[PDB]
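Backbone-built Cβ (ideal geometry, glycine too); neighbour counts: all protein chains shown. We did not get these values from a lab; they are worked out from the coordinates using the rules stated.
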Amino acid sequence: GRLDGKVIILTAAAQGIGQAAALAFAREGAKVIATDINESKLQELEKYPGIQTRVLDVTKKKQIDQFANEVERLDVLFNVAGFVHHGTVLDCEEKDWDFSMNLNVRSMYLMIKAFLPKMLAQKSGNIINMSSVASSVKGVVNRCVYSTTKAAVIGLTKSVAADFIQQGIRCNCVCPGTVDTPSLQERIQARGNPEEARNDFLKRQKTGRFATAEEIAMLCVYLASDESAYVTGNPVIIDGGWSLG
Amino acid sequence: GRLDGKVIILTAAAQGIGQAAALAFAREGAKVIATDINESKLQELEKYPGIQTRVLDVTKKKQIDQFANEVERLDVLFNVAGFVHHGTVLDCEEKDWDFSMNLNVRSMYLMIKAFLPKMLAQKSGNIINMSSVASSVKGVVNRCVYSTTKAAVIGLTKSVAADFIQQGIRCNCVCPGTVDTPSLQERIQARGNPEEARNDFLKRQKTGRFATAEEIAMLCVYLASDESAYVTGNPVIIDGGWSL
Amino acid sequence: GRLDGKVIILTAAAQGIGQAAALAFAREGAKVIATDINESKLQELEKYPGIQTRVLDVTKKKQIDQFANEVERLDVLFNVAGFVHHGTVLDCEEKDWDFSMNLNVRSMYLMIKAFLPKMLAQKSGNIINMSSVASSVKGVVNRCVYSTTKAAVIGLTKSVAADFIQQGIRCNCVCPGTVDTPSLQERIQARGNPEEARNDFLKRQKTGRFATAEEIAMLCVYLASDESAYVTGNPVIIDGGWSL
Amino acid sequence: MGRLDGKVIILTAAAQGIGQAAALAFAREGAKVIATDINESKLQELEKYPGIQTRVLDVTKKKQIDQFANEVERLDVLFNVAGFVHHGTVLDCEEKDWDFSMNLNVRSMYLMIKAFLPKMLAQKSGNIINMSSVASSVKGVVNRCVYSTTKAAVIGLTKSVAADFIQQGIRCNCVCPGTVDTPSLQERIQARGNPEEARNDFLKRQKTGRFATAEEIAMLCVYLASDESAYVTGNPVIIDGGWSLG
Ligand SMILES: NC(=O)c1ccc[n+]([C@@H]2O[C@H](COP(=O)([O-])OP(=O)(O)OC[C@H]3O[C@@H](n4cnc5c(N)ncnc54)[C@H](O)[C@@H]3O)[C@@H](O)[C@H]2O)c1
Ligand SMILES: NC(=O)c1ccc[n+]([C@@H]2O[C@H](COP(=O)([O-])OP(=O)(O)OC[C@H]3O[C@@H](n4cnc5c(N)ncnc54)[C@H](O)[C@@H]3O)[C@@H](O)[C@H]2O)c1
Ligand SMILES: NC(=O)c1ccc[n+]([C@@H]2O[C@H](COP(=O)([O-])OP(=O)(O)OC[C@H]3O[C@@H](n4cnc5c(N)ncnc54)[C@H](O)[C@@H]3O)[C@@H](O)[C@H]2O)c1
Ligand SMILES: NC(=O)c1ccc[n+]([C@@H]2O[C@H](COP(=O)([O-])OP(=O)(O)OC[C@H]3O[C@@H](n4cnc5c(N)ncnc54)[C@H](O)[C@@H]3O)[C@@H](O)[C@H]2O)c1
């Protein structure tokens, strides 16, 4: 397996990209600690060899620190947790702004701050953060606070990469286009005409399809593996040509 | 003047880049409304033709909304306010993280959401945001929360530019290298050996100097003027070759 | 004027962006040496205070070297010459590939290598190169060799900027979206349905217009001026939200 | 089952360095590899490896290229590897240096793509990987004028092909390394006045205190060549050990 010997911790693992990653990591021989707030859905992964699960709300610092004190070592941290708000800056009220900033960015700060010292004591570690093309990468309509947080993810990634490169740490982030996940389906259904919302989303995608969560996972495998040891400080795009032009 | 007939509001105007921008706008014929929390320093600008002042804390939504209700129209909003925390992710306590996120990003969100509707009703407007090369542009050491916020600023910029391009709104951000401002001097002094600190900052700068606030201001003039009408959604770098 | 005391040499000056640049530089007090292969059109600029003209084919090293020897000093070199080939990689025959590489890229290399030593001896110089968003910035349809060359331009820009920063040289390039020039009109007319071709080009442009050459010129004035001394190594976008 | 099972892959400059490592890596992942180079005796060493067939090919010769293409029934992937690294500023670069690099580093790719793309279009499926560098439009690097210009041009060419042929099932990406320990890198070190010291300037780029191996570059090429990366197109993928980071 491409990840033999690796201990990997991830968040938001119960469905979507996190689930697919958890499964993909485990199949490649990793020791996976898969976390989510949704305990009943999460515990489904316990049936898969190589995966152990734990309930974790990434907005709760007390929860995070206690979890960190339980973990002996890790090789990889994959911060997946994030919410996609629909709206422009005018559509974003204070509670939407804060909710996204807390879940999407503060979460990563708290996870990295709890887990990075373990990596530093072993002079080795790898941190993968979930960003988006809707970010500093490009402008995307109706995604104000999302794009703002997802840009923030890139800043945080490059910061960590620069600060700890000489202590054996790498840090990268993943920037997908549209991925067929349960939340995407929720966002389609939430529209006034879902039949039509599905077509706006496909418009971005000149190949005529969304990415699968598995495809996103296989990039995370590459970035988790020693194959990519020489890759750090990058937003890796996986967008089906959306940001291309 | 290159900014004649323009009504420009800007924050953090009492010193540094804000101050230089205020004075540069005014010299180019703008009607400037220059805001800061520091009332005594801010009110020095009152002596300059074209500048009117108002005390404003950009972290206070209530103050922001009241200010907006006072303003009949604008052409340009320049979000300048921001703090530079020194440290890695490990040096950043929750208080540091939240203070920076509130002043550096939330501020912009609240200012934009208050003033943008004005611009939309006139089908015209221009929002300039202060970012930095310490951001999504490149990795800079001991600047964790700062870089995170300044990246957020680029995301917010591109978002606003994308959402309101068809309603005559432009949005760009400015990404300096090291600029000789009073806060920069504070950061130098704050280190263990301020001699040595000054040389680390210069190491960034292969031209052997920092930028002046007036130089940053002249970029802001270009971006504020109709000369740059066709420029939107960009992080404009002004870094003396640092990110090169 | 904003360019008072600057000696500025430019290519492809007889029409389009070059022409607008020349007139804009002259209006701001520059001493302009405007060059082009089209002698009769070029000579029109002679009537404008501050512009002297010289015929120059930028694909002819021997002409370039002899021109350089005529020139005592410069402050700015503006490489404007470039041709826009229509087609994919499959539409591009060896003749199209080579013609574009030589005019669009080799030209810049020859002008730079002939004029840069002057700037090095003054310990001061500024090189502006015309790029495009159709380049390494973004992928654009039916622009294969063009995009290849305009990418090459960014490479060359950043090279020169990195190599000569400590000797007082700056180098940047300009990356437009669609600009309403005579060659753009020629490209429109050259299509099967020019009525419909005008609309494809417009679809690029969410503000519903092309840039004017004057607008591109004003970016060039900013980049040519000492106002922008701290700006080097950048591809400056001016695209009306196309790459956004 | 290898990650490249069923894939027919053609590459250039396969006899040493990145190209060699890639050929070997593609073959071990179950690709059918057609490995080409100008250096016949060295290239022929790869014939002992299961899955690799070799052919002499000078990528500056249009006539050679078209005849080779006429020999190939199908391909899934084209990896354009050939490129020379000139040492010097714009001032150090004479007409012959400029032209030599432009023809090998860029014209070569144009000709290979123009010969092979029609095959991929006819199958409504193809993947083109181009070798670029961080010394390019990505960042400014000293003493690399014509190299950086060509490797920028590669990125422009990559995005053009990706934009033009996306709807016909074609992907195009490029790879942008920092310093890779290859034989030509060793040549460039040895060619300096003090090779001990050239070696340390190259290491200065590299905050991790090492160069990449050709193998490491290869494994990125495996990912980009595989269907795992089917949703990746139009990108310069950086693999630079933090060099462009800051
Ligand atoms: N799906 C896409 O089109 C797409 C595109 C780009 C980026 N992303 C990013 O990928 C990541 C995952 O999204 P997805 O769509 O694959 O999954 P999703 O949105 O379908 O699932 C989210 C998961 O996160 C969990 N979660 C919610 N709040 C949490 C909290 N406080 N703590 C811990 N877990 C929590 C949920 O229980 C759920 O299992 C997000 O960061 C998202 O921004 C998604
Ligand atoms: N090297 C540099 O100085 C540099 C480089 C890149 C970007 N920047 C950015 O430029 C912007 C201005 O920084 P500067 O160093 O020119 O000025 P500075 O930091 O010296 O001045 C900051 C000003 O902001 C005001 N201020 C502080 N909190 C406020 C609040 N809550 N509400 C309203 N005003 C408040 C202060 O009273 C002061 O007048 C910042 O966003 C900074 O991040 C500076
Ligand atoms: N027009 C646009 O939409 C647009 C967009 C992006 C970039 N550009 C770039 O701007 C530059 C100028 O294009 P434009 O469209 O403004 O002008 P244009 O194409 O209308 O005019 C070109 C000028 O170049 C001159 N010229 C041609 N060959 C020459 C040679 N060998 N030596 C010297 N001069 C020569 C011509 O005589 C003419 O006066 C080009 O590099 C072009 O790629 C144009
Ligand atoms: N530090 C690095 O080594 C580094 C970094 C970034 C990018 N690259 C790129 O990787 C590619 C390979 O370089 P490398 O250093 O791994 O290998 P190399 O330079 O050691 O070997 C080059 C190979 O190309 C072959 N070759 C030369 N001319 C040819 C021609 N006309 N036709 C066909 N083959 C020809 C040679 O015989 C040799 O086998 C180049 O494009 C280079 O620019 C290398």
May I ask you to list the residues in the range A:41-57 that are crowded, with 19+ Cβ neighbours inside 10 Å and β-branched (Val, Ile, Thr)?
A:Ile51, A:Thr53
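Can you say whether B:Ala81 is within 16 Å of the chain's Cα centre (by Cα), surrounded by 15 or more Cβ atoms within 10 Å (Cβ to Cβ) and either of a type in the set (A, V, I, L, M) or within 16 Å of ligand 3 (Cβ to nearest atom) (or both), as far as the supplied structure shows? It would help to see each step written out before you state the result.
Details: within 16 Å of the chain's Cα centre (by Cα): yes; surrounded by 15 or more Cβ atoms within 10 Å (Cβ to Cβ): yes; either of a type in the set (A, V, I, L, M) or within 16 Å of ligand 3 (Cβ to nearest atom) (or both): yes.
Here the answer is yes, as B:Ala81 does meet what is asked.
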Residue count for the range D:10-38, restricted to those that are more than 16 Å from ligand 4 (Cβ to nearest atom) and crowded, with 24+ Cβ neighbours inside 10 Å
1
In the list C:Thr149, C:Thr178, C:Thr212, which residue meets the criterion of being farther than 30 Å from B:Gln205 by Cβ and within 14 Å of chain D (Cβ to nearest Cβ)?
C:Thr149
Check A:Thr149 against each of (1) at the interface with chain B (Cβ under 8 Å from one of its Cβ atoms); (2) of a type outside the set (D, E, K, R); (3) away from ligand 1 (no atom under 13 Å from the Cβ) and name the one condition it does not meet.
(3)
Quick one: count up the residues across the range C:88-99 that are within 20 Å of D:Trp98 (Cβ to Cβ) and either buried (at least 23 other Cβ atoms within 10 Å of the Cβ) or free of Cβ contacts under 8 Å to residues at least 12 places away in the same chain (or both).
3
B:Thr149 passes all but one of the listed conditions (1) out of contact with any helix residue (DSSP H, G or I) (no Cβ under 8 Å at 6 or more places or on another chain); (2) touching a residue at least 12 places away in the same chain (Cβ under 8 Å); the exception is number (1)
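Out of all the residues in the range B:112-128, which are more than 10 Å from every other protein chain (Cβ to nearest Cβ) and either assigned to a helix (DSSP H, G or I) or within 18 Å of B:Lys61 (Cα to Cα) (or both)? Spell out how you get there, then give the answer.
Taking the range B:112-128 first, the residues more than 10 Å from every other protein chain (Cβ to nearest Cβ) are B:114-115, B:118-119, B:121-126, B:128.
Correct list: B:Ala114, B:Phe115, B:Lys118, B:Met119, B:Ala121.
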For the range A:153-175, check the following and say yes or no: at least one residue is over 22 Å from A:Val76 (Cβ atoms), more than 16 Å from ligand 3 (Cβ to nearest atom) and out of contact with any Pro (no Cβ under 9 Å at 6 or more places or on another chain).
no
When residues of the range D:48-72 are filtered for being of a type outside the set (S, T, N, Q) and in contact (Cβ under 8 Å) with a residue 40 or more places away in the chain, how many remain?
8
Select from the range A:214-228 the residues that are hydrophobic (A, V, I, L, M, F, W, C) and out of contact with any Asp or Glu (no Cβ under 7 Å at 6 or more places or on another chain) and write down the one among them that is farthest from D:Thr233 (Cα to Cα).
A:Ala224
Of the conditions (1) surrounded by fewer than 24 Cβ atoms within 10 Å (Cβ to Cβ); (2) under 16 Å from B:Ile238 (Cα atoms), B:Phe115 satisfies every one except a single condition; which number is it?
(2)
Every residue from the range B:226-239 that is within 20 Å of C:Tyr230 (Cα to Cα) and of a type in the set (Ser, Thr, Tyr)
B:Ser228
From the options B:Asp226, B:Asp180, B:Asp239, B:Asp200, residue that is surrounded by 22 or more Cβ atoms within 10 Å (Cβ to Cβ) and charged (D, E, K, R)
B:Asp239
Working only within the range B:221-244, note down all residues that are farther than 27 Å from D:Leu245 by Cα, in contact (Cβ under 8 Å) with a residue 60 or more places away in the chain and more than 7 Å from chain C (Cβ to nearest Cβ).
B:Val221, B:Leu223, B:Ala224, B:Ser225
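Conditions tested, residue by residue: (1) part of a strand (DSSP E or B); (2) near ligand 3 (Cβ under 9 Å from one of its atoms); (3) of a type in the set (A, V, I, L, M); (4) at positive phi.
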residue	(1), (2), (3), (4)
C:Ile8	yes, no, yes, no
C:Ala13	no, yes, yes, no
C:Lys41	no, yes, no, no
C:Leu45	no, no, yes, no
Between a residue in the range D:86-100 that is at the interface with chain C (Cβ under 9 Å from one of its Cβ atoms) and any residue that is among the aromatic types (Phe, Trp, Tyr) and in a helix (DSSP H, G or I), which pairs come within a Cβ distance under 7 Å, given they are 6 or more apart or on different chains?
D:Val90/C:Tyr109; D:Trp98/C:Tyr109
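Each row is one residue, and each column tells you yes or no for (1) in a helix (DSSP H, G or I); (2) away from ligand 4 (no atom under 16 Å from the Cβ); (3) within 14 Å of chain D (Cβ to nearest Cβ).
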site: C:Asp4; (1), (2), (3): no, yes, no
site: C:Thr53; (1), (2), (3): no, yes, no
site: C:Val58; (1), (2), (3): no, yes, no
site: C:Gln63; (1), (2), (3): yes, yes, no
site: C:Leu74; (1), (2), (3): no, yes, no
site: C:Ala81; (1), (2), (3): no, yes, no
site: C:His85; (1), (2), (3): no, yes, yes
Which count do you get for residues in the range C:15-34 that are touching a helix residue (DSSP H, G or I) at 6+ places or on another chain (Cβ under 6 Å) and in a strand (DSSP E or B)?
2
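Only one of A:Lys203, A:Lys150 is touching a residue at least 24 places away in the same chain (Cβ under 8 Å) and basic (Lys, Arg); which? Lay out the reasoning, then the answer.
Numbers: A:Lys203 fails: touching a residue at least 24 places away in the same chain (Cβ under 8 Å).
Only one candidate passes the filter, namely A:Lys150.
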Within the range A:1-36, restricting attention to residues that are closer than 11 Å to A:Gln52 by Cβ and part of a helix (DSSP H, G or I), which residue is nearest to ligand 1 (Cβ to nearest atom)?
A:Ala22
So A:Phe78 ticks every box in (1) surrounded by fewer than 19 Cβ atoms within 10 Å (Cβ to Cβ); (2) not basic (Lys, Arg); (3) not in a helix (DSSP H, G or I) but one. Which box is left unticked?
(1)
Based on this model, can you work out whether D:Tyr231 counts as more than 15 Å from ligand 4 (Cβ to nearest atom) and crowded, with 23+ Cβ neighbours inside 10 Å?
yes
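Test D:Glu216 against the criterion of being of a type in the set (D, E, K, R), more than 29 Å from D:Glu95 (Cα to Cα) and under 14 Å from the mean Cα position of the chain (by Cα), and give yes or no.
Details: of a type in the set (D, E, K, R): yes; more than 29 Å from D:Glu95 (Cα to Cα): yes; under 14 Å from the mean Cα position of the chain (by Cα): yes.
Yes.
In the list C:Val55, C:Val71, which residue meets the criterion of being surrounded by fewer than 20 Cβ atoms within 10 Å (Cβ to Cβ) and over 26 Å from C:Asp180 (Cα atoms)? Before the answer, list the steps.
Numbers: C:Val55 fails: over 26 Å from C:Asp180 (Cα atoms).
The unique qualifying residue is C:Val71.
Determine whether A:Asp226 is more than 23 Å from B:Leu156 (Cβ to Cβ), free of Cβ contacts under 8 Å to residues at least 24 places away in the same chain, of a type outside the set (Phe, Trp, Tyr) and touching a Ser or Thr at 6+ places or on another chain (Cβ under 6 Å). Please lay out each step first, then the result.
Values: more than 23 Å from B:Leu156 (Cβ to Cβ): yes; free of Cβ contacts under 8 Å to residues at least 24 places away in the same chain: yes; of a type outside the set (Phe, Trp, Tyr): yes; touching a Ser or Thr at 6+ places or on another chain (Cβ under 6 Å): no.
Against the criterion (more than 23 Å from B:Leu156 (Cβ to Cβ), free of Cβ contacts under 8 Å to residues at least 24 places away in the same chain, of a type outside the set (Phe, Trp, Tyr) and touching a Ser or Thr at 6+ places or on another chain (Cβ under 6 Å)), A:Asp226 does not qualify.
Kindly provide the set of residues from the range B:34-52 that are surrounded by fewer than 21 Cβ atoms within 10 Å (Cβ to Cβ) and not polar (S, T, N, Q), ordered by number.
Within the range B:34-52, the subset surrounded by fewer than 21 Cβ atoms within 10 Å (Cβ to Cβ) is B:37-41, B:43-44, B:46-50, B:52.
Of everything in the range B:34-52, those that are surrounded by fewer than 21 Cβ atoms within 10 Å (Cβ to Cβ) and not polar (S, T, N, Q) turn out to be B:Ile37, B:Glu39, B:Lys41, B:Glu44, B:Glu46, B:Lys47, B:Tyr48, B:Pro49, B:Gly50.
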Looking at the structure I just gave you, is A:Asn142 surrounded by fewer than 23 Cβ atoms within 10 Å (Cβ to Cβ) and touching a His at 6+ places or on another chain (Cβ under 7 Å)?
yes
